[PDB]
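See structure below.
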Amino acid sequence: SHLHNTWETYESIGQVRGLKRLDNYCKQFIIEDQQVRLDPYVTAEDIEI
DNA sequence: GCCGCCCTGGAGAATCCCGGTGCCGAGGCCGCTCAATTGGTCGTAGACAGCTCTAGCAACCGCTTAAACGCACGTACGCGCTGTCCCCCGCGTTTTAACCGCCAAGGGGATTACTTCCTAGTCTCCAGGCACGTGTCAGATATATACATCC
């Protein structure tokens with residue numbers, strides 16, 4: 001019900017359904033966020049949008 | 001004497017069934033309407049008969065000879081088993097475009113009716129192209145006869 005949202009960890013999850021969604025979120029968000037943070041070819045407009 | 005708790009009865013509301021009435025799919029009925037029917041006439045397609053000549057057919061012959069058949073051997077290939085690895089399938093997740101519903105105007109094309117004229121059918125006459133047969137002629141082929149030569 002979006003009120004029982006839990007702050008979890010990979011070892012705290014174990015093996016449940018939807019772990020591929022967690023892997024996809026981790027890969028996309030973390031990899032692309034640190035890519036746009038660490039790239040020197042990033043303007044101020046891109047980082048603020 | 002006063003106050004709180006457990007047991008049981010009749011009235012108010014929800015649901016199933018039936019009857020009256022309105023709406024969707026299909027069939028009977030009516031009206032147009034054009035194509036099938038009927039009746040008559042005539043030309044000709046085809047049936048029938050007749051004669052001639054050639055191919056086929058049943059059953060036999062005889063001869064030749066090459067193909068078919070039988071047999072032995074051998075070995076190459078079909079097939080079965082095993083390994084392996086790789087690639088396709090199943091599944092979960094994310095994207096994306098098919099699908100449906102919308103403009104906005106305009107052209108293409110299917111009908112209905114009408115006009116016109118060019119071109120193809122039809123008829124008559126004629127002539128030349130096609131089919132068949134034959135005389136003749138030049139190229140190809142085989143041998144007759146004369147000259148140089150080896151033993």
Side-chain angles (χ1 to χ4, degrees), chain A residues 1-44 47-49:
Chain A
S1 68
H2 265 271
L3 286 178
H4 313 130
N5 294 3
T6 45
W7 285 104
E8 298 266 9
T9 319
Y10 273 78
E11 62 262 14
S12 82
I13 286 304
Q15 190 268 329
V16 304
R17 286 185 289 271
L19 180 63
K20 190 44 173 168
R21 309 165 187 250
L22 179 57
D23 289 331
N24 284 325
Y25 173 79
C26 168
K27 176 193 294 184
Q28 205 262 322
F29 263 70
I30 293 179
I31 285 297
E32 265 78 2
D33 269 344
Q34 79 208 18
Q35 189 273 331
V36 69
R37 281 307 158 85
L38 287 182
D39 198 2
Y41 290 154
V42 167
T43 182
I47 197 69
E48 67 97 23
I49 64 170

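Heavy atoms only: backbone and side chains are in, while hydrogens, waters and symmetry mates are out. Each chain gets a letter, A, B and so on, in the order its sequence line appears, and its residues count up from 1.
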How long is the straight-line distance from CD1 of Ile31(A) back to CZ of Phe29(A), given to the nearest 0.5 Å? 13.5 Å
Please report the sugar pucker of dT124(B) as north or south based on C1'-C2'-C3'-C4'. south
When rounded to the nearest Å, what value does the distance between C1' atoms of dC61(B) and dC137(B) take? 49 Å
Can you check whether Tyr10(A) reaches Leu22(A) side chain to side chain, under 4.5 Å on heavy atoms? yes
From the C1'-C2'-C3'-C4' angle alone, say whether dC61(B) leans north (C3'-endo side) or south (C2'-endo side). north
Specify the separation, in whole Å, of atom NZ of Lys27(A) and atom P of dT94(B). 11 Å
Gap in Å between the two P atoms, one belonging to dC29(B) and one to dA110(B), rounded: 40 Å
Of the non-hydrogen atoms in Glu32(A) and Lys27(A), which two are nearest, and what is the gap between them? OE1-O, 3.7 Å
Backbone N/O of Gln35(A) and side chain of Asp39(A): donor-acceptor pair under 3.5 Å: no
Can you tell me how far P of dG92(B) sits from CG of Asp23(A), to the nearest Å? 15 Å
For the pair made of CZ in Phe29(A) and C1' in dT94(B), what is the distance, rounded to whole Å? 14 Å
Please classify the sugar of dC6(B) as north or south using the torsion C1'-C2'-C3'-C4'. south
Using a 3.5 Å limit on both distances, find every run of at least three consecutive Watson-Crick or G-U pairs that involves DNA chain B. none
From CG of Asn24(A) over to P of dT95(B), roughly how many Å is that when rounded to an integer? 9 Å
Please state how far atom OH in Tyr25(A) lies from atom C1' in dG92(B), giving the value in whole angstrom units. 20 Å
Pseudorotation half of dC60(B) (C1'-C2'-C3'-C4': positive north, negative south): north
Least distance between heavy atoms, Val42(A) atom then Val36(A) atom: CG2-O, 3.4 Å
Would you give the length of the straight line joining atom OG1 of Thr43(A) to atom CD of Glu48(A), rounded to the nearest 0.5 angstrom? 9.0 Å
Between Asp33(A) and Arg37(A), is any pair of side-chain heavy atoms under 4.5 Å apart? no
Rounded off to whole Å, could you give me the NZ-to-P distance for the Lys20(A) and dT95(B) pair? 13 Å
